[PDB]
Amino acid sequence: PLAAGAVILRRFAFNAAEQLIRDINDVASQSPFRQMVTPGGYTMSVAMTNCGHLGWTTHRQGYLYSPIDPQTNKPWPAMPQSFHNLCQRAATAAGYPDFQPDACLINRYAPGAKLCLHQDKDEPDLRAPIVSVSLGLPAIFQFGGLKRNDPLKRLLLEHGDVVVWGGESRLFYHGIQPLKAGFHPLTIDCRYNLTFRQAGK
């Protein structure tokens, strides 16, 4: 297995993917993708949006899970039932049957886009897993340990692959290497990732 408390479910979301993608488009029609600017002033290469009660955002003074889209000043769109259902099935298969996400971060990767090694650790209740769904073009996912310099595993994540981490591995560093250009029948020229969290109480 990937790590203690972590698993990859290869092609788990393959059958659900078309509906998931129609739903990504619906969410982005209300809260559009945007490349966020870090506190340090750099524009991220990944374009993002959110759905559910809480959305990950940067602001000048740090990061924040907020109920309001700072670009539209309206609540993030509701989490699509398709998203919620897939998440629940994936979490159950991964051994986390009780997971209730309240936040879905939607990442869009154009060629060259990356996410440098980081930890998901600003959720108040770290008991809950992360469920991470890959769609479209393939990407190299890095998955390490509690320390930034712990040895990395590098795993190709393909369309429909779902990765779940929690328990002992909940705070592990992970990231995405710059996306290779290519074609996919469903997304054409990009990769999407759906990241489900319980971000509030």
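All residue numbers are counted from 1 along the displayed sequence.
*Asks:* Between 55-63 and 154-162, name whichever shows the higher mean Cα B factor according to the PDB entry.
*Replies:* Taking the mean C-alpha B-factor of 55-63 and of 154-162, the larger value falls to 55-63.
*Asks:* Between 125-133 and 91-99, which has the larger average Cα B-factor in the PDB entry?
*Replies:* Per the PDB entry, the higher value belongs to 125-133.
*Asks:* Just the C-alpha B-factor column, please: which of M44, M48, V27, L146 has the biggest number?
*Replies:* Among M44, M48, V27, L146, the PDB entry lists the largest C-alpha B-factor for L146.
*Asks:* What third of the chain does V37 rank in for C-alpha temperature factor, lowest, middle or highest?
*Replies:* Lowest third.
*Asks:* By the record's CA B-factor, is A13 among the lowest, middle or highest third of residues in the chain?
*Replies:* Lowest third, going by the recorded CA B-factors of the chain.
*Asks:* By its CA B factor, does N107 count among the lowest, middle or highest third of the modelled residues in the chain?
*Replies:* Answer is lowest: the recorded C-alpha B-factor places it there.
*Asks:* What third of the chain, by the recorded C-alpha B-factor, contains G167?
*Replies:* Answer is highest: the recorded C-alpha B-factor places it there.
*Asks:* Sort the modelled residues of this chain by their C-alpha B factor and say whether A4 lands in the lowest, middle or highest third.
*Replies:* It belongs to the highest third of the chain when residues are ordered by C-alpha B-factor.
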